[PDB]
Amino acid sequence: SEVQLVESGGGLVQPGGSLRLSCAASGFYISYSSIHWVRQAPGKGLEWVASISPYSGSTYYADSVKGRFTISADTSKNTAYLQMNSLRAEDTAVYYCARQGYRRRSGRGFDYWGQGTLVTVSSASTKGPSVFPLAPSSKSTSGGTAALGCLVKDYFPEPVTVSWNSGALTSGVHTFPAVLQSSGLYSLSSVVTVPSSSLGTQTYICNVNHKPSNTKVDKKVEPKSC
Amino acid sequence: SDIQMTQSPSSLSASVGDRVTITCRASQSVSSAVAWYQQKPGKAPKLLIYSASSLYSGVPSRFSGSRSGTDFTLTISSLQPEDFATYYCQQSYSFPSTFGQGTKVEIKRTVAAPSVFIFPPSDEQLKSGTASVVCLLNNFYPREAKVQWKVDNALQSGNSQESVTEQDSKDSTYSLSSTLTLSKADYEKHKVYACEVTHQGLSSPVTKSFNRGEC
RNA sequence: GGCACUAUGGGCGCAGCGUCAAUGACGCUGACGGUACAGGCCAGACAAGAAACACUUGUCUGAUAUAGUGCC
Ligand SMILES: [Mg+2]
C-alpha cells in the first residue's frame, strides 16, 4: 500500500526552454526497479517518454524526445529525474512517472504511477479573459427553457473558474472545456438552461475568476427582445 | 521500426452487465509483453493485466486478457458502473515502449436529439474587432454530431472550434459548443449566419440561424 | 528466411599495420600454411540473480557451424 510516486517540478516554460521534473519514490528502494516517464497531452492518450534500468543505469527514449530529454536517478535521494531541453509547444502535457513492477510479480506492467505534474510550453503572456454575454432570446429558446451563457475569451494560462450568480446557480450549467486558439490563448463558453418564464424576473450573472492574472469579472447577461 | 499499437474500437458504448471486448493489434510480434491499463478522467492510470493475460494483483476477476499472435483482447465479463473509463494496451517487448490510442467505454442510453441554440456576437464583442458566433447542442445522445456553419449559405471550414462536455453523471447525455470566429470586417460582409446540426436523434438536419441586425 | 550443392588456416593460424571501454575484438597487407588434439580466450542465444540492456554466476550452440553458389 505504502508505495507512492510524487512528480514535481512542472510549470510554465517558453519554447526552447528547459525544465527538470523530479519523481520522489517512497515505500520502496528506487535502485531495484525500472522507472519510466509517461506523458499525456490535454485530451489525448498516453505517450511513453523515457525509462531507466536498474543496476545498469541504461536509458531509453522515445523518438519524439531523443536528443532533448535526459532521464536519470539519484538513488541516494530515492528520486528519478527528467531533464527537458529545448521544449516545444508539443511537449505540453501532464507528465507521469511510473514504476515498472518486479518481474516475477507483474511482468513489465507499470504497477505504480504518480499523479503527474503539468508542463505547459507557450509563447503566450499572462492575460485575463474578456467576458462576453451569450444573451438569451428567441433562437436560444426550446419550449419551456431558454439557454444563456458567457463567452470567456482570450486568456492564458489555464484555468479559469466560472460560476453563475456567485455559486448559487449550479444545475443546468455546462462550462465547456477550453479550446486553445492559434493565437495561443484559450477560450471557453459557459451556458445554463433556465425556465424561459424566469428571464423577466431573475437576473443571471456569470462570475469569471482568473487567478493567474488576478482578475475577477462579473457579467450580467440580459435577454434580447423585440 | 517502431512497433505500432492500434486499438479497436476507439470508443464503445455499453451498459452495466454487458460483456465488453476491447482489442489491440501490435504491428509486429511483441510476444506476450503487453499490459492493459484503466484510466479515469483526472486520475492516473491503473494496471489491470500484465504479460498479456495475467490478472494484476487486486484487480477484479471480471477483467481478463487474451492473446493470439499480435492480436490482444481485454474483455470485461460483466461491466460494473466503475468500469466506465478509458483503457490502454501497452507493448513492453522492446524499447521504445508504445501505448495504443485508448478505448473509451461510455454509458449507453436511449437516443436523444440535441436541442440546438444559436447566439449572435455580443455588442461588447463587436466593439473590440472580433465576432464570435456560438452554437450550443444541449443534452444529446450519442456523442457523434456534425456541426456545420453556413454564412450566406456558404459552407464554413477552418474558422470554427468545438468542445464537448463529458458524459453527464445523471442523464448521461452530452453537450457541445461550436464557435465561429470572424473578424468584425468579415462579419459585416454577410447577412445570414446559420448552425446546421446533423444527429441520429433528428429526422433531418436541424438549422438555427439569424440575420445580422435582427431585433 | 528456407532447401540442395560447393568449399573451409580455431570462431581465435604467423608476422607487420591501422581503429576502438584493449590479459578483447575489428579492419588491412604481407609472408607462410602436414596433422591431430588439449586447455584457455572469444563470439551468439538464453536462464536466474529485486535484473528487457549491461554486470555476476550458470546453460546450450559454434562442421548440427560458417562463407559461396543455385533454387523457392
Ligand atoms: Mg551472385
Side-chain angles (χ1 to χ4, degrees), chain A residues 1-7 22-39 46-83 95-114, chain B residues 1-6 24-37 45-59 65-72 74 88-100:
Chain A
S1 43
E2 296 167 8
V3 171
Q4 213 169 299
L5 296 157
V6 177
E7 306 94 341
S22 302
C23 177
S26 81
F28 69 106
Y29 288 95
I30 214 179
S31 291
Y32 311 107
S33 287
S34 286
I35 303 299
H36 306 249
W37 286 98
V38 186
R39 76 186 172 182
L46 305 169
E47 166 182 38
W48 179 88
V49 176
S51 75
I52 179 174
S53 297
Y55 303 103
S56 61
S58 303
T59 56
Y60 301 95
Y61 297 97
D63 268 27
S64 65
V65 298
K66 213 153 208 222
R68 297 189 301 122
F69 288 19
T70 304
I71 185 179
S72 73
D74 182 344
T75 66
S76 77
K77 294 181 187 297
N78 217 46
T79 308
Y81 298 101
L82 188 58
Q83 178 67 59
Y95 282 69
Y96 300 100
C97 63
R99 194 192 77 175
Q100 178 174 321
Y102 303 110
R103 180 183 72 80
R104 268 173 167 255
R105 283 160 194 178
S106 55
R108 294 167 184 181
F110 299 180
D111 68 339
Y112 290 86
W113 304 59
Chain B
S1 176
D2 283 358
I3 296 170
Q4 313 301 330
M5 299 287 270
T6 52
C24 169
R25 184 242 303 156
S27 58
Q28 336 174 347
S29 184
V30 300
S31 176
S32 289
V34 153
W36 290 95
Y37 297 91
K46 290 181 194 313
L47 177 66
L48 302 174
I49 303 287
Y50 68 93
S51 292
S53 52
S54 290
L55 179 66
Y56 176 51
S57 159
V59 173
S66 190
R67 164 195 185 208
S68 182
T70 53
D71 287 321
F72 295 96
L74 170 68
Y88 294 95
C89 68
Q90 179 203 8
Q91 76 81 12
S92 284
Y93 180 80
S94 74
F95 292 99
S97 191
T98 322
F99 290 87

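Chain letters run A, B, ... following the sequence lines, proteins first, then strands; residues in each count from 1. Scope of the values below: all heavy atoms of this structure, side chains included, with no hydrogens, waters or symmetry mates.
Annotated stems with RNA chain C as a participant read C:3-8 with C:65-70, C:18-20 with C:24-26, C:42-49 with C:55-62, given as range with range, by first number; only runs of 3 or more Watson-Crick or G-U pairs under 3.5 Å qualify.
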In residues 89-96 of chain B, what donor-acceptor pairs under 3.5 Å come from side-chain atoms, sequence neighbours left out?
unit_1 : atom_1 : unit_2 : atom_2 : d
B:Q90  : OE1    : B:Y37  : OH     : 3.2
B:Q90  : NE2    : B:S92  : OG     : 3.2
B:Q90  : NE2    : B:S97  : OG     : 2.9
B:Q91  : OE1    : B:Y93  : N      : 2.7
B:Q91  : OE1    : B:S94  : N      : 3.1
B:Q91  : NE2    : B:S94  : O      : 3.1
B:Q91  : NE2    : B:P96  : O      : 3.2
B:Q91  : NE2    : B:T98  : OG1    : 3.2

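Contacts between residues 60-75 of chain A and RNA chain C, defined by a heavy-atom separation under 4.0 Å, are made by A:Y60.
Contacts of A:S56 classified as side-chain contact (heavy atoms from CB on, under 4.5 Å), with partners at least two apart in sequence or in another chain: A:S53, A:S58. By the side-chain hydrogen bond (donor to acceptor under 3.5 Å, both in side chains) test, A:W48 is found to be paired with A:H36, residues two or more places apart in sequence or in another chain being considered. With sequence neighbours left out, the side-chain contact (heavy atoms from CB on, under 4.5 Å) criterion links B:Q4 to B:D2, B:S27. Residues passing the side-chain contact (heavy atoms from CB on, under 4.5 Å) test with A:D74, sequence neighbours excluded: A:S76, A:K77, A:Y81. Residues meeting the side-chain hydrogen bond (donor to acceptor under 3.5 Å, both in side chains) test with A:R68, sequence neighbours left out: A:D91. Partners of B:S32 under the side-chain hydrogen bond (donor to acceptor under 3.5 Å, both in side chains) rule, at least two apart in sequence or in another chain, are B:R67.
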Do any N or O atoms of the protein come closer than 3.5 Å to N or O atoms of nucleotides 56-59 of chain C, and which pairs are they?
none

Could you run down the sub-3.5 Å N/O contacts of the protein with nucleotides 44-47 of chain C?
none

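Pairs of residues two or more places apart, or lying in two chains, never qualify as salt bridge (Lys or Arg N to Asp or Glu O under 4.0 Å) while including a residue from residues 56-67 of chain A.
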